Amino acid sequence: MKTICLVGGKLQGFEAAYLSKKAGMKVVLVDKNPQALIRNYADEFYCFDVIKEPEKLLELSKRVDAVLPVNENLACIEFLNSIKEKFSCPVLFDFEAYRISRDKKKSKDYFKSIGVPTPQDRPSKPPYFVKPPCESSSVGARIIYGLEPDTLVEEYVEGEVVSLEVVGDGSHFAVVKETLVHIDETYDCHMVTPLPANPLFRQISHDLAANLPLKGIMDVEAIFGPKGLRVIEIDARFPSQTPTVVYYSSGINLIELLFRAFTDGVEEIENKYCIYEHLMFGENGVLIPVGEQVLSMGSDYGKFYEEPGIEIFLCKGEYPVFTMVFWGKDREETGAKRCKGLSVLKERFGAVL
Ligand SMILES: Nc1ncnc2c1ncn2[C@@H]1O[C@H](COP(=O)(O)OP(=O)(O)NP(=O)(O)O)[C@@H](O)[C@H]1O
Ligand SMILES: Nc1ncnc2c1ncn2[C@@H]1O[C@H](COP(=O)(O)OP(=O)(O)OP(=O)(O)O)[C@@H](O)[C@H]1O
Ligand SMILES: NCCC[C@@H](N)C(=O)O
Ligand SMILES: [Mg+2]
Ligand SMILES: [Mg+2]
């Protein structure tokens, strides 16, 4: 049995934790927040700030197989970077890749320098898509029809949002599984589903990874626009939502793959279906789709229910949020499981959708 130590107890952390358990690893969580979201989901939980008490972490590091940072707190990351050489286990992170990826303008310079199409900056014609430079979860993302000098203003590119994760080991870059990112009115993601292979997207994602070169995990988001594919961002860190769907649809566990990238090495390159979504239990148990930004306001997050083809997790708080996962051999069965799941909530927990 392997033990993974996660630094970060929210959504990134949940996904890593969730996938570590499928790989049957013990999961140890470090988080500075006593009310860390997944605090009861992890096998062990140590509440401390790693910048304040680095020694506790280095110590943990003597007793785990790997440390995975799963937060986007730049102080935390830079700090981890400055002490990484002292861990007694691999640190499953690419810090240089993260440096380009967290800055959206920098990421766009990177796209351009390797010939990858990306929304045009500062167009004159409305609409403009505008969003902060270094956020995630689409915090601040907005359509427009006095921002900052550094706000990104882009052409609005209509069409589907699509995601691919790549795991690299520095030499080989394993492009995994395409997913469809369903967005809500806040440009947040409330649902993910898997897509058919897309070779162009796959080759672009390989090049992005290979020119770093990536050692660790990144995701590539693209919009399939009316004038072709446009990469809008990359995020070099363990993602939430999509790896679960990649797991059921493709059979690949990204935590497993990420762990191999820093040990064995990885090699390059199922076809089941999976639906993954968030639904807020609203007043009178009317169900409302919500994005990550809501789920992440929660107070406790753990497993609620499971039967074959159906997992349900409850994020407790100011209106509970349910994360549902359904899967099966094809869209049909999955849809059938989605129905059974909803009817579990409906008949037993008073829900209505
Ligand atoms: N130029 C654009 N045109 C149209 N929609 C866009 C554009 N840029 C971003 N979006 C939408 O807004 C969402 C958030 O933008 P994105 O640039 O992917 O970064 P992020 O906030 O750092 N989110 P993440 O993928 O969670 O880490 C995207 O998923 C798209 O749905
Ligand atoms: N230096 C640190 N030491 C320990 N845990 C940390 C540190 N920095 C962040 N975390 C934890 O990682 C998780 C995700 O942090 P991140 O900043 O990516 O998201 P966030 O939504 O901004 O978190 P927060 O609730 O603090 O705003 C949080 O639970 C946070 O407490
Ligand atoms: N890889 C696409 C996932 C988007 C969002 N859940 C995130 O972690 O950025
Ligand atoms: Mg992003
Ligand atoms: Mg994004």
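Residues numbered from 1 in each chain as written, not as in the entry; some residues may be left out. Chains lettered and ligands numbered in written order. Heavy atoms only, no water.

**Some thoughts on the coordination of the magnesium ion (ligand 4)**
Within the first shell, the magnesium ion (ligand 4) binds the protein through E233 (OE), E233 (OE) and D235 (OD), at distances of 1.9 to 2.0 Å. Between the magnesium ion (ligand 4) and the magnesium ion (ligand 5), the interatomic distance is 2.7 Å, and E233 donates to each metal, bridging them. Residue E233 is classed as buried on the basis of its relative accessible area, which comes to 7%. (Donors = N, O, S within 2.8 Å, 3.2 Å for Na, K, Ca; no water. Buried < 20%, exposed > 50% of the residue type's maximum accessible area, 1.4 Å probe, protein only.)

**Examining the packing of aromatic side chains**
Note on aromatic pairs: each is described by the distance of the centres and the angle between the planes. In this structure the tally under the stated criterion is 18 aromatic pairs. When the centroid spacing of 5.0 Å and the interplanar angle of 70° are considered together, the rings of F129 and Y187 count as edge-to-face. On the basis of an interplanar angle of 75° and a centroid distance of 6.2 Å, the ring pair of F281 and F322 is categorised as edge-to-face. Of the two residues, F281 sits in strand β14 (residues 273-281) while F322 sits in strand β18 (residues 321-328), which places them 41 residues apart along the sequence. The class for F281 is buried, based on a relative accessible area of 14%. Of the aromatic side chains, those joined through ring pairs into one cluster are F14, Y18, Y41, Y301 and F313. For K21, the ring lying beneath its charged end belongs to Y41, and the centroid distance is 3.8 Å. Above the face of the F95 ring, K84 is positioned so that its terminal group lies 5.4 Å from the ring centre. (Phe/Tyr/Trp six-rings, centres within 6.5 Å; stacked < 30°, edge-to-face > 60°. Helix = DSSP H or I, 4+ residues; strand = E, 2+ residues; numbered from the N terminus. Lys NZ or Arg CZ within 6 Å of the ring centre and 35° of its normal.)

**Digging into the coordination of the magnesium ion (ligand 5)**
Bound to the magnesium ion (ligand 5) are the protein donor atoms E221 (OE) and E233 (OE), situated 1.9 to 2.0 Å from the metal. What the six donor atoms of the magnesium ion (ligand 5) show is an angle range of 57 to 154° at the metal, which sorts the shape as irregular. (Tetrahedral: all angles 85-135°; square planar, octahedral: opposite > 155°, others 65-115°.)

**Focus: the domain arrangement of the chain**
Each assigned domain of the chain is listed with its residue range as follows: domain 1 (1-94) and domain 2 (95-353). Here the C-alpha centre of domain 2 lies 22 Å away from the C-alpha centre of domain 1. The junction of domain 1 with domain 2 conceals about 3300 Å² of combined surface from both sides, 64% of it contributed by carbon and sulfur atoms. Between the two partners, domain 1 and domain 2, sit two salt bridges. One salt bridge in this structure joins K22 and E311, with 3.0 Å as the shortest N-O distance. Those elements giving two or more residues to the side of domain 1 that touches domain 2 turn out to be α1 (11-22), β4 (66-69) and α3 (74-83). In terms of residue count, the dominant contributor to the side of domain 1 that touches domain 2 is α1 (nine residues). Residues that form the side of domain 1 that touches domain 2 fall into these classes: 21 nonpolar, five polar and nine charged. (Domains from an automatic or database assignment. Buried area = accessible area lost by both parts, 1.4 Å probe. Salt bridge = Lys/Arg side-chain N within 4 Å of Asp/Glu carboxyl O. Nonpolar A, V, L, I, M, F, W, Y, C, P; charged D, E, K, R; others polar.)

**Description of the side chain of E307**
For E307, the position within the fold is in strand β16 (residues 300-307). A relative accessible area of 16% means that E307 is categorised as buried. At 2.5 Å, the side chain of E307 forms a polar contact with the side chain of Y305. At a separation of 3.0 Å, a polar atom in the side chain of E307 contacts the side chain of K340. The residues touching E307, leaving out its near neighbours within four places in the chain, are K340 and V344. (Polar contact = N/O pair within 3.5 Å; in protein donor to acceptor, adjacent residues only side chain to side chain. Contact = heavy atoms within 4.5 Å.)

**Examining the pairing of strand β17 (residues 310-316)**
Among the seven residues that make up β17, six are buried, leaving the element largely enclosed by the rest of the structure. As paired strands, β16 and β17 are joined by seven bridges and run antiparallel to one another. Bridging from a neighbouring strand, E306 pairs with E311 of β17. From the end of β16 to the start of β17, which pair antiparallel, there are two residues, and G309 there has a positive phi angle of about 80°. When β17 meets β18, the two strands line up antiparallel, connected through six bridges. Paired with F313 across the two strands is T323, which belongs to β18. Counting the residues between successive antiparallel strands, the hairpin from β17 to β18 contains four residues, one of them, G317, with a positive phi of roughly 155°. (Pairing = 2+ DSSP bridges.)

**Details of the sheet that holds strand β7 (residues 152-155)**
Strands sit in the order β6-β5-β7 across an open sheet of three strands; the sheet is antiparallel. Every other strand in the sheet has two partners, leaving β6 (142-144) and β7 as the edge strands with one partner each. Between one strand axis and the next, the sheet turns by 30° as a mean value, whatever way the strands run. Inspection of the sheet shows strand β5 (residues 128-131) paired to β6 by three bridges, in the antiparallel sense. Within β6, the residue paired with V130 across the bridge is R142. (Axes fitted to C-alpha atoms, helices over the stretch in contact; angles between N-to-C directions.)

**Notes on the nonpolar core**
Core analysis: the largest hydrophobic core is formed by 54 residues, its most contacted members being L6, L68, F238, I255 and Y301. When residues of this core are assigned to domains, at least three map to each of domain 1 (1-94) and domain 2 (95-353). Look past the residues within four positions of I255 in its chain and what remains in contact with it is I4, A16, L19, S20, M25, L68 and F238. (Core = buried A, V, L, I, M, F, W, Y, C linked by side-chain atoms within 4.5 Å.)

**Side note on the site of ligand 1**
Near ligand 1 there are 21 residues, and of these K104, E135, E221, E233 and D235 occur at the shortest range. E154 is positioned such that a nitrogen or oxygen atom in its side chain is 2.9 Å from a nitrogen atom of ligand 1. Computed on the free molecule, ligand 1 has an accessible area of 620 Å², of which 94% lies beneath the protein chains in the complex. Elements that contribute at least two residues to the shell around ligand 1 include exactly β5, β7, β12 (215-225) and β13 (228-235). (Near = heavy atom within 4 Å. Areas by Shrake-Rupley, 256 points an atom, 1.4 Å probe, with all protein chains shown as cover.)

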